[PDB]
Amino acid sequence: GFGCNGXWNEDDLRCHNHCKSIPXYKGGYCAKXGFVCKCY
């Protein structure tokens with residue numbers, strides 16, 4: 001979710017913005033076939 005909805009539906013930027021929108025995170029990237037929005 002959160003932009004990451006698969007290999008052919010991978011919005012790394014949307015995951016990044018999502019996670020960046022969360023206090024204590026700097027960004028995010030799509031993992032697990034681009035399905036999981038990994039916040040860092």
# chains A, B, ... in the order shown; residues from 1 in each chain; ligands from 1
call {"tool": "residues_around", "arguments": {"residues": "range 2-12 of chain A", "least_positions_apart": "2", "cutoff": "9 Å", "atoms": "only C-alpha atoms", "output": "PDB file with N, CA, C and O atoms, in the first residue's frame"}}
result
ATOM      1  N   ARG A  14       5.612   8.052  -3.765  1.00  0.00           N
ATOM      2  CA  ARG A  14       4.428   8.182  -2.931  1.00  0.00           C
ATOM      3  C   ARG A  14       4.664   7.542  -1.573  1.00  0.00           C
ATOM      4  O   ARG A  14       4.240   8.073  -0.547  1.00  0.00           O
ATOM      5  N   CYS A  15       5.361   6.412  -1.567  1.00  0.00           N
ATOM      6  CA  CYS A  15       5.767   5.782  -0.318  1.00  0.00           C
ATOM      7  C   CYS A  15       6.717   6.705   0.435  1.00  0.00           C
ATOM      8  O   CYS A  15       6.598   6.898   1.646  1.00  0.00           O
ATOM      9  N   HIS A  16       7.644   7.302  -0.308  1.00  0.00           N
ATOM     10  CA  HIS A  16       8.612   8.228   0.254  1.00  0.00           C
ATOM     11  C   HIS A  16       7.906   9.408   0.913  1.00  0.00           C
ATOM     12  O   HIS A  16       8.215   9.760   2.048  1.00  0.00           O
ATOM     13  N   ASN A  17       6.966  10.012   0.194  1.00  0.00           N
ATOM     14  CA  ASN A  17       6.197  11.136   0.725  1.00  0.00           C
ATOM     15  C   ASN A  17       5.384  10.708   1.937  1.00  0.00           C
ATOM     16  O   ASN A  17       5.332  11.422   2.941  1.00  0.00           O
ATOM     17  N   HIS A  18       4.760   9.537   1.838  1.00  0.00           N
ATOM     18  CA  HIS A  18       3.990   8.976   2.937  1.00  0.00           C
ATOM     19  C   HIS A  18       4.839   8.912   4.198  1.00  0.00           C
ATOM     20  O   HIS A  18       4.504   9.512   5.215  1.00  0.00           O
ATOM     21  N   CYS A  19       5.954   8.207   4.111  1.00  0.00           N
ATOM     22  CA  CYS A  19       6.810   8.005   5.264  1.00  0.00           C
ATOM     23  C   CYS A  19       7.410   9.323   5.739  1.00  0.00           C
ATOM     24  O   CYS A  19       7.544   9.551   6.938  1.00  0.00           O
ATOM     25  N   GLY A  28      10.680   6.732   2.386  1.00  0.00           N
ATOM     26  CA  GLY A  28      10.218   5.372   2.249  1.00  0.00           C
ATOM     27  C   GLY A  28      10.491   4.824   0.872  1.00  0.00           C
ATOM     28  O   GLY A  28      10.712   5.588  -0.070  1.00  0.00           O
ATOM     29  N   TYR A  29      10.489   3.510   0.762  1.00  0.00           N
ATOM     30  CA  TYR A  29      10.749   2.834  -0.499  1.00  0.00           C
ATOM     31  C   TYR A  29       9.910   1.574  -0.591  1.00  0.00           C
ATOM     32  O   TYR A  29       9.547   0.985   0.426  1.00  0.00           O
ATOM     33  N   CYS A  30       9.620   1.153  -1.803  1.00  0.00           N
ATOM     34  CA  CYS A  30       8.768   0.000  -2.013  1.00  0.00           C
ATOM     35  C   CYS A  30       9.581  -1.283  -2.008  1.00  0.00           C
ATOM     36  O   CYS A  30      10.556  -1.419  -2.746  1.00  0.00           O
ATOM     37  N   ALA A  31       9.172  -2.215  -1.166  1.00  0.00           N
ATOM     38  CA  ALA A  31       9.845  -3.493  -1.044  1.00  0.00           C
ATOM     39  C   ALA A  31       8.846  -4.630  -1.183  1.00  0.00           C
ATOM     40  O   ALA A  31       7.638  -4.391  -1.317  1.00  0.00           O
ATOM     41  N   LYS A  32       9.356  -5.859  -1.165  1.00  0.00           N
ATOM     42  CA  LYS A  32       8.529  -7.051  -1.292  1.00  0.00           C
ATOM     43  C   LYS A  32       7.646  -6.968  -2.532  1.00  0.00           C
ATOM     44  O   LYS A  32       6.434  -6.747  -2.438  1.00  0.00           O
ATOM     45  N   UNK A  33       8.260  -7.117  -3.715  1.00  0.00           N
ATOM     46  CA  UNK A  33       7.556  -7.024  -4.997  1.00  0.00           C
ATOM     47  C   UNK A  33       6.945  -5.643  -5.196  1.00  0.00           C
ATOM     48  O   UNK A  33       6.010  -5.471  -5.970  1.00  0.00           O
ATOM     49  N   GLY A  34       7.488  -4.668  -4.478  1.00  0.00           N
ATOM     50  CA  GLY A  34       6.977  -3.316  -4.539  1.00  0.00           C
ATOM     51  C   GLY A  34       5.591  -3.196  -3.942  1.00  0.00           C
ATOM     52  O   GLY A  34       4.818  -2.328  -4.338  1.00  0.00           O
ATOM     53  N   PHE A  35       5.274  -4.061  -2.990  1.00  0.00           N
ATOM     54  CA  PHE A  35       3.952  -4.052  -2.376  1.00  0.00           C
ATOM     55  C   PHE A  35       3.974  -3.403  -1.001  1.00  0.00           C
ATOM     56  O   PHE A  35       2.967  -2.866  -0.544  1.00  0.00           O
ATOM     57  N   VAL A  36       5.117  -3.442  -0.343  1.00  0.00           N
ATOM     58  CA  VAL A  36       5.222  -2.926   1.007  1.00  0.00           C
ATOM     59  C   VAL A  36       5.954  -1.592   1.031  1.00  0.00           C
ATOM     60  O   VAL A  36       7.050  -1.465   0.492  1.00  0.00           O
ATOM     61  N   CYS A  37       5.329  -0.603   1.646  1.00  0.00           N
ATOM     62  CA  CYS A  37       5.936   0.708   1.799  1.00  0.00           C
ATOM     63  C   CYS A  37       6.838   0.716   3.029  1.00  0.00           C
ATOM     64  O   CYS A  37       6.366   0.779   4.168  1.00  0.00           O
TER      65      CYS A  37
END
call {"tool": "select_by_dssp", "arguments": {"residues": "chain A", "states": "helix (DSSP H, G or I)", "output": "compact mmCIF listing (two decimals) with N, CA, C and O atoms, in the first residue's frame"}}
result
# COMPACT_ATOMS: atom_id res chain seq x y z
N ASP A 12 7.40 4.62 -5.56
CA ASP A 12 8.43 4.84 -4.54
C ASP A 12 8.34 6.26 -4.00
O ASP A 12 8.54 6.49 -2.81
N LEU A 13 8.00 7.19 -4.87
CA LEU A 13 7.87 8.59 -4.49
C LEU A 13 6.69 8.79 -3.54
O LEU A 13 6.78 9.57 -2.60
N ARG A 14 5.61 8.05 -3.77
CA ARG A 14 4.43 8.18 -2.93
C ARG A 14 4.66 7.54 -1.57
O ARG A 14 4.24 8.07 -0.55
N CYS A 15 5.36 6.41 -1.57
CA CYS A 15 5.77 5.78 -0.32
C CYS A 15 6.72 6.71 0.44
O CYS A 15 6.60 6.90 1.65
N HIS A 16 7.64 7.30 -0.31
CA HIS A 16 8.61 8.23 0.25
C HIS A 16 7.91 9.41 0.91
O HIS A 16 8.22 9.76 2.05
N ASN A 17 6.97 10.01 0.19
CA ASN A 17 6.20 11.14 0.72
C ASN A 17 5.38 10.71 1.94
O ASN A 17 5.33 11.42 2.94
N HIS A 18 4.76 9.54 1.84
CA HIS A 18 3.99 8.98 2.94
C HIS A 18 4.84 8.91 4.20
O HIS A 18 4.50 9.51 5.21
N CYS A 19 5.95 8.21 4.11
CA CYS A 19 6.81 8.00 5.26
C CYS A 19 7.41 9.32 5.74
O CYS A 19 7.54 9.55 6.94
N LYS A 20 7.74 10.20 4.80
CA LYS A 20 8.27 11.52 5.14
C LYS A 20 7.21 12.33 5.89
O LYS A 20 7.54 13.22 6.67
call {"tool": "select_by_dssp", "arguments": {"residues": "chain A", "states": "strand (DSSP E)", "output": "tab-separated table (two decimals) with N, CA and C atoms, in the first residue's frame"}}
result
chain	number	residue	atom	x	y	z
A	28	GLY	N	10.68	6.73	2.39
A	28	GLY	CA	10.22	5.37	2.25
A	28	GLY	C	10.49	4.82	0.87
A	29	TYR	N	10.49	3.51	0.76
A	29	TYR	CA	10.75	2.83	-0.50
A	29	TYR	C	9.91	1.57	-0.59
A	30	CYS	N	9.62	1.15	-1.80
A	30	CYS	CA	8.77	0.00	-2.01
A	30	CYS	C	9.58	-1.28	-2.01
A	31	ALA	N	9.17	-2.22	-1.17
A	31	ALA	CA	9.85	-3.49	-1.04
A	31	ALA	C	8.85	-4.63	-1.18
A	36	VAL	N	5.12	-3.44	-0.34
A	36	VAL	CA	5.22	-2.93	1.01
A	36	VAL	C	5.95	-1.59	1.03
A	37	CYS	N	5.33	-0.60	1.65
A	37	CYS	CA	5.94	0.71	1.80
A	37	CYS	C	6.84	0.72	3.03
A	38	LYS	N	8.13	0.61	2.79
A	38	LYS	CA	9.12	0.55	3.85
A	38	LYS	C	9.59	1.94	4.24
A	39	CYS	N	9.23	2.36	5.44
A	39	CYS	CA	9.62	3.67	5.93
A	39	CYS	C	10.97	3.60	6.64
call {"tool": "decode", "arguments": {"residues": "range 4-22 of chain A", "atoms": "N, CA, C and O atoms", "output": "PDB file, in the first residue's frame"}}
result
ATOM      1  N   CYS A   4       2.973   1.780  -2.962  1.00  0.00           N
ATOM      2  CA  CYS A   4       3.545   0.493  -3.307  1.00  0.00           C
ATOM      3  C   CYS A   4       2.436  -0.533  -3.479  1.00  0.00           C
ATOM      4  O   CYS A   4       1.904  -1.056  -2.499  1.00  0.00           O
ATOM      5  N   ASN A   5       2.062  -0.801  -4.721  1.00  0.00           N
ATOM      6  CA  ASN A   5       0.989  -1.742  -5.000  1.00  0.00           C
ATOM      7  C   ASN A   5       1.418  -2.780  -6.028  1.00  0.00           C
ATOM      8  O   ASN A   5       0.588  -3.315  -6.762  1.00  0.00           O
ATOM      9  N   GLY A   6       2.712  -3.061  -6.083  1.00  0.00           N
ATOM     10  CA  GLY A   6       3.200  -4.097  -6.965  1.00  0.00           C
ATOM     11  C   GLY A   6       4.329  -3.634  -7.861  1.00  0.00           C
ATOM     12  O   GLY A   6       4.603  -2.440  -7.954  1.00  0.00           O
ATOM     13  N   UNK A   7       4.961  -4.593  -8.538  1.00  0.00           N
ATOM     14  CA  UNK A   7       6.124  -4.334  -9.403  1.00  0.00           C
ATOM     15  C   UNK A   7       5.737  -3.338 -10.498  1.00  0.00           C
ATOM     16  O   UNK A   7       6.523  -2.472 -10.882  1.00  0.00           O
ATOM     17  N   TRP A   8       4.520  -3.478 -10.995  1.00  0.00           N
ATOM     18  CA  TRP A   8       4.038  -2.646 -12.087  1.00  0.00           C
ATOM     19  C   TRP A   8       3.228  -1.472 -11.548  1.00  0.00           C
ATOM     20  O   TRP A   8       2.667  -0.687 -12.309  1.00  0.00           O
ATOM     21  N   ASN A   9       3.178  -1.356 -10.228  1.00  0.00           N
ATOM     22  CA  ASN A   9       2.439  -0.284  -9.574  1.00  0.00           C
ATOM     23  C   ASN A   9       3.245   0.210  -8.377  1.00  0.00           C
ATOM     24  O   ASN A   9       2.760   0.246  -7.246  1.00  0.00           O
ATOM     25  N   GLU A  10       4.495   0.561  -8.636  1.00  0.00           N
ATOM     26  CA  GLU A  10       5.415   0.935  -7.579  1.00  0.00           C
ATOM     27  C   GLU A  10       5.650   2.440  -7.565  1.00  0.00           C
ATOM     28  O   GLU A  10       6.435   2.964  -8.357  1.00  0.00           O
ATOM     29  N   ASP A  11       4.966   3.135  -6.672  1.00  0.00           N
ATOM     30  CA  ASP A  11       5.180   4.567  -6.511  1.00  0.00           C
ATOM     31  C   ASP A  11       6.109   4.841  -5.336  1.00  0.00           C
ATOM     32  O   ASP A  11       5.666   5.263  -4.261  1.00  0.00           O
ATOM     33  N   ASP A  12       7.400   4.618  -5.562  1.00  0.00           N
ATOM     34  CA  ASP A  12       8.426   4.844  -4.543  1.00  0.00           C
ATOM     35  C   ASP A  12       8.335   6.259  -3.996  1.00  0.00           C
ATOM     36  O   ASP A  12       8.540   6.493  -2.809  1.00  0.00           O
ATOM     37  N   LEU A  13       8.000   7.193  -4.871  1.00  0.00           N
ATOM     38  CA  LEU A  13       7.871   8.587  -4.489  1.00  0.00           C
ATOM     39  C   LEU A  13       6.693   8.786  -3.538  1.00  0.00           C
ATOM     40  O   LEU A  13       6.776   9.572  -2.597  1.00  0.00           O
ATOM     41  N   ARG A  14       5.612   8.052  -3.765  1.00  0.00           N
ATOM     42  CA  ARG A  14       4.428   8.182  -2.931  1.00  0.00           C
ATOM     43  C   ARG A  14       4.664   7.542  -1.573  1.00  0.00           C
ATOM     44  O   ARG A  14       4.240   8.073  -0.547  1.00  0.00           O
ATOM     45  N   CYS A  15       5.361   6.412  -1.567  1.00  0.00           N
ATOM     46  CA  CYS A  15       5.767   5.782  -0.318  1.00  0.00           C
ATOM     47  C   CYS A  15       6.717   6.705   0.435  1.00  0.00           C
ATOM     48  O   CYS A  15       6.598   6.898   1.646  1.00  0.00           O
ATOM     49  N   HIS A  16       7.644   7.302  -0.308  1.00  0.00           N
ATOM     50  CA  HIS A  16       8.612   8.228   0.254  1.00  0.00           C
ATOM     51  C   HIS A  16       7.906   9.408   0.913  1.00  0.00           C
ATOM     52  O   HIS A  16       8.215   9.760   2.048  1.00  0.00           O
ATOM     53  N   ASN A  17       6.966  10.012   0.194  1.00  0.00           N
ATOM     54  CA  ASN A  17       6.197  11.136   0.725  1.00  0.00           C
ATOM     55  C   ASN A  17       5.384  10.708   1.937  1.00  0.00           C
ATOM     56  O   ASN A  17       5.332  11.422   2.941  1.00  0.00           O
ATOM     57  N   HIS A  18       4.760   9.537   1.838  1.00  0.00           N
ATOM     58  CA  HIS A  18       3.990   8.976   2.937  1.00  0.00           C
ATOM     59  C   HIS A  18       4.839   8.912   4.198  1.00  0.00           C
ATOM     60  O   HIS A  18       4.504   9.512   5.215  1.00  0.00           O
ATOM     61  N   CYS A  19       5.954   8.207   4.111  1.00  0.00           N
ATOM     62  CA  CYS A  19       6.810   8.005   5.264  1.00  0.00           C
ATOM     63  C   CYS A  19       7.410   9.323   5.739  1.00  0.00           C
ATOM     64  O   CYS A  19       7.544   9.551   6.938  1.00  0.00           O
ATOM     65  N   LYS A  20       7.742  10.202   4.799  1.00  0.00           N
ATOM     66  CA  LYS A  20       8.268  11.522   5.136  1.00  0.00           C
ATOM     67  C   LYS A  20       7.214  12.335   5.885  1.00  0.00           C
ATOM     68  O   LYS A  20       7.541  13.224   6.675  1.00  0.00           O
ATOM     69  N   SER A  21       5.947  12.007   5.653  1.00  0.00           N
ATOM     70  CA  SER A  21       4.847  12.691   6.313  1.00  0.00           C
ATOM     71  C   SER A  21       4.709  12.215   7.757  1.00  0.00           C
ATOM     72  O   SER A  21       3.989  12.821   8.551  1.00  0.00           O
ATOM     73  N   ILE A  22       5.406  11.134   8.095  1.00  0.00           N
ATOM     74  CA  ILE A  22       5.317  10.564   9.426  1.00  0.00           C
ATOM     75  C   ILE A  22       6.521  10.981  10.273  1.00  0.00           C
ATOM     76  O   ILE A  22       7.678  10.736   9.901  1.00  0.00           O
TER      77      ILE A  22
END
